[PDB]
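Given next, in structure tokens, is a single chain: the form solved without cGAMP.
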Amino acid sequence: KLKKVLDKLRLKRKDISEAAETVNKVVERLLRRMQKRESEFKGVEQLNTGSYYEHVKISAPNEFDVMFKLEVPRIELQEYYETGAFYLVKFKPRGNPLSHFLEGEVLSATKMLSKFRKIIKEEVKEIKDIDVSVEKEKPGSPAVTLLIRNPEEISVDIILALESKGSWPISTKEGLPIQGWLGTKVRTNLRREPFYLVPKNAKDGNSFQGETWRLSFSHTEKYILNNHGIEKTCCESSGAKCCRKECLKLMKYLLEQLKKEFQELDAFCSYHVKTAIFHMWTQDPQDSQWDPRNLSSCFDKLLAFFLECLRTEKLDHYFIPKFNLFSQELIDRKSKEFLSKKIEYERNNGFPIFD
């Protein structure tokens, strides 16, 4: 049953080729335009992220995430309240290329993202060989979203990010609990990689809204997805397949089908599901606990874990323990009850919504 669902969700090579061809054409040209002189984003580099590049994209290759990361040395972070995820960015710098984005010492995400969008929008109108347009700025989004007609609709989220090469913020110190799973050497190496800040970009009118940045660990998540086994040979050609990624695919699919016809399930997203399975992979680190022969039981325990997260209203950010994804803030209690009331129904009735 679940095996058949996965086959339906599996991407087609023909679709992948046609989509990637067009996307790569657009992204590289935009990345190049960003590199020409007199540009404040002259040093930006590309880092592909999200479901497609983690090979957990389902149904169709019609959504692509791309990070345009800017190296920002000499950075000074200030934690926004007791959040742990949200920060203000201060500089310790004379002729700075982003000096016109500064409000005193404070780096404005709104001003920087504005000019970033302006540059992309100008280059997009110069594209004549591809049907591509820039979607209107959406509240809460750190990305300039492209709409491509290939003729099939394709969305490309170009995410502006600040790259810092120093130690990760102290709010992440007790995060990434992969010690008994991927090990201490892997964790230490991962945390020697840079961390990333993206614009939080809310329009609620709250204080600091134009200058609040949020942590992004999309790169770390991507590595983890590609290196997810306790054994080094997991899912390799001389190793054994596990069902970790397919459980994620199935859980992603269950949520999306539910979100389609229920507006109450808004404010829920794939990242909640992704976060949950990361905790699950931590609690069940053995590759033998994720055998393909036990796909049904593996998916069921993921559901049980998720349901318990709803019931207790607690889903800690995998990298930032303080940040509860299921707080009373962000998500109302009525919403968790509703999703819980739709999950067990699907769970008990052999998943009719998969059809």
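Think of the rigid core as the biggest set of C-alphas that the two forms share within 1.5 Å after superposition. Start at 1 with the first residue shown and count on from there.
Larger root-mean-square CA separation from the shown form, computed after a rigid core fit of the structures in 7 other deposited structures of this protein, is seen for 134-142 when 192-200 is set against 134-142. A fit on the rigid core, followed by a root mean square over CA positions in 7 other deposited structures of this protein, ranks 146-154 against 239-247 and picks 146-154 as the more shifted one. Annotation: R94 belongs to the positions left without coordinates in at least a third of the other compared entries, with flanking residues modelled. A chain break between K92 and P93 is present, corresponding to 1 to 3 residues of the deposited sequence without coordinates. For the segment pair 66-74 and 35-43, the entry gives 35-43 the higher mean B-factor, averaged over Cα atoms.
For the pair 81-89 and 277-285, the mean Cα B-factor is higher in 81-89. When the C-alpha B factors of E221, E174, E103, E246 are read from the deposited coordinates, the top value falls at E103. Highest C-alpha temperature factor among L315, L302, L30, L330, as the PDB entry reports it: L330. The PDB entry assigns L310 a C-alpha temperature factor belonging to the highest third of its chain's modelled residues. Annotation for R191: CA B-factor lies in the lowest third of the chain's modelled residues. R13: CA B factor in the middle third of modelled residues in this chain (values from the PDB entry). When all modelled residues of the chain are sorted by CA temperature factor, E231 is found within the lowest third.
Annotation for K260: CA B-factor lies in the highest third of the chain's modelled residues.
From this point on, the text means the form deposited with cGAMP bound, which you will not see here.
The pocket of the unliganded chain is judged open, since cGAMP, transferred from its pose in the entry with it bound by superposition of the C-alphas around the site, places no atom within 2.4 angstroms of any backbone or C-beta atom. Only one of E63, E40, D287, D316 lies close to cGAMP in the entry with it bound, with a heavy atom inside 4.5 Å, and it is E63.
Taking a 4.5 Å heavy atom cutoff to cGAMP in the entry with it bound, the contact residue among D157, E163, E264, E123 is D157. Looking at 98-106, 141-149, 167-175, 184-192, the stretch with residues near cGAMP in the entry with it bound, meaning non-hydrogen atoms within 4.5 angstroms, turns out to be 141-149.
Not displayed here, cGAMP is approached by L215 to within 4.5 Å at the level of heavy atoms in the entry with it bound.
With a 4.5 Å cutoff on heavy atoms, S270 counts as touching cGAMP in the entry with it bound.
Residue contact check for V198: one or more of its heavy atoms lie within 4.5 Å of cGAMP in the entry with it bound. In the entry with it bound, cGAMP stays beyond 4.5 Å of every heavy atom belonging to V26.
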